[PDB]
């Protein structure tokens, strides 16, 4: 009974003529976006951070990795696992980009700057799942069979980000998510360092670093959008906010916990890896980064949107930081990812 989306499938809400804007922004993309891709030969590979199987020190390397992992609490592992599962659901993320009307890859090998980005970006993201996958496997602290089962469900469930085939909505979404992952991965890195594991810290930090570049490239695309059409891009930014930015791995199911994503989130929230406050903080940043506040010539509708967008961040901060129920009075609960061992929610 994998969780299904509880909304109506809305497709192509963006005007068919606006597609031209994107085909026109092709050479612009090639100059200002594709430069944020690290070339393959200068990229780190998972093997750079894992025990070397072709070295005489393989055994002791694996043994050390496993000794340090015992010093890392189950709490941390549940979050780390959730992050890994999200990364492994990659095919879905390339699919969401290819649903966007003006930017999609029509053949799977298209020479368009947008297609090249989609494929190259996916290529980079693939290393994130591989690295975290081999690490958790060697640690011996988690149940890979349940994790693998959760991954099969997730990919099969896919996800609907509510972007409606619109590059305007889509790029707002991705800019958000990238910063979200940059935070999660940055926090796990910081904590992993305190539990005494610097190599795990290098791992999460290196993944985070990739996230920032992706963030940089995506925010730029939206920056040009506010230039060509401040009004419509403001409307889109607002539309996503009303809808709310739903996380990609929100349909998470391990065959036995119907509220797996909420439970996973609760532990991340509690640990300070990704709190509800950060949702607001990312919003606040994006508003200030795009200077939504400093926009003019907007219609009464676009004026309403701009105001709504600028007012939301402090509003949410008040609303979501007040949590007392889940926080201190959170019950303990078992996670199949950790052989049903229990952690506080």
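Numbering follows the first chain given and starts at 1. Take the two forms, find the largest set of C-alpha atoms that superpose within 1.5 Å, and that set is the rigid core.
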Quick note, superposing on core in 4 other deposited structures of this protein and taking C-alpha RMS, the more shifted stretch of 14-22 and 328-336 is 328-336
Stretch departing more from the displayed form, 295-303 or 41-49, Cα RMS in 4 other deposited structures of this protein (core fit) | 295-303
Stretch with the higher entry mean CA B-factor, where the candidates are 285-293 and 27-35 | 285-293
Mind pulling up the entry and telling me whether 18-26 or 332-340 has the higher mean Cα temperature factor?
-> 18-26
Looking at 319, 62, 54, 43, which has the highest Cα B-factor in the entry?
-> 319
Between 193, 263, 250, 185, which carries the biggest CA temperature factor in the record?
-> 193
So, residue 83's CA B-factor, relative to its chain, sits in which third? The lowest
Could you look up the Cα B-factor of residue 223 in the entry and say which third of the chain it sits in: lowest, middle or highest?
-> highest
For residue 214, the third of its chain by CA B-factor is the middle
Could you tell me which third, lowest, middle or highest, the C-alpha B-factor of residue 131 occupies within its chain?
-> lowest
Among the chain's modelled residues, which third holds the C-alpha B-factor of residue 70?
-> middle
